[PDB]
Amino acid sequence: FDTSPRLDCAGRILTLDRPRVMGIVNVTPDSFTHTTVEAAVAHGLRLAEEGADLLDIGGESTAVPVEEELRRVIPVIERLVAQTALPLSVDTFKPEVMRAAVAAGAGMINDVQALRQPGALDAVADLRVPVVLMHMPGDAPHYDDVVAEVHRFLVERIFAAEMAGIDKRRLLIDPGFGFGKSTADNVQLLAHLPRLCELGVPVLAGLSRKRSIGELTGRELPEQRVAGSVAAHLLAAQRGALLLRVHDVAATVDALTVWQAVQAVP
């Protein structure tokens, strides 16, 4: 990029002059929802304190009705927009959630379906907020060439978005690590990540605590995969990723900080 990507997230600017950190804020009720909202807000505040550049708020596991997804994400977005100065992303594939979340203060859409849900293209075109287009087969299959297939899919979605009137400067792409991909397919996409960076749009990588990291390192549980995840995110940043979707914000910031100091030496 001659000029670094400058994403206007509803007035909150995300500058991709260096790899940035997107902190994961999950609002899905589990075995342990008003208490869920309170816990998600406290978690988002902790990630902001840890140095996140953006928070990604999601109320659906990646099928809940739109009204239930709104009951989860809207109070979290309303509280975080008032209590942080950070750009906020909403992790949803539903156009009605995208519209309601942006009206509540979200400044970016993170869509696992890459605007394939009926009405999603029209909603994002109308909202004029940045959007992440992720690769997911349908909604782990065999690939003849996973890198070529993900590349082809992302070209199609970028084009579909541009033809719907979404400015190319508002797009981000993501290969979708862990979504219908074996450990070998994920490793291939990470090794060949510079090839996806040639589409003229910033690349987001999310390998945080994923099963493939667990398989490479022999770590069964998500919190046991932190070291391997921080390493994977550093490797992704070295290979062109400009946004990193992580649970372990402070650790990722530290790793990128050390790398930035080293990379700065002529």
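Each residue number is its position in the shown sequence, starting from 1.
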According to the PDB record, deposited residues with no modelled atoms between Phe32 and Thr33 number 4 to 9
From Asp139 on to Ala140, does the model leave out none, 1 to 3, 4 to 9, or 10 or more residues of the deposited sequence? 4 to 9
Using the B-factors recorded in the PDB entry, average over the C-alpha atoms of 232-240 and of 197-205, then report which stretch comes out higher. 197-205
Tell me which stretch, 156-164 or 140-148, has the higher mean Cα B-factor listed in the entry. 140-148
Among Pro87, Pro175, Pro130, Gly180, which carries the highest Cα B-factor? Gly180
Looking at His135, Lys94, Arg116, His192, which one carries the largest C-alpha B-factor according to the PDB entry? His192
According to the PDB entry, is the CA B factor of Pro19 in the bottom, middle or top third of its chain, that is, lowest, middle or highest? middle
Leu221: CA B-factor among chain residues, third -> middle
By the record's CA B-factor, is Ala39 among the lowest, middle or highest third of residues in the chain? middle
What third of its chain, lowest, middle or highest, does the C-alpha temperature factor of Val249 fall into? lowest
Within this chain, which third does the Cα B-factor at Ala10 fall in: lowest, middle or highest? highest
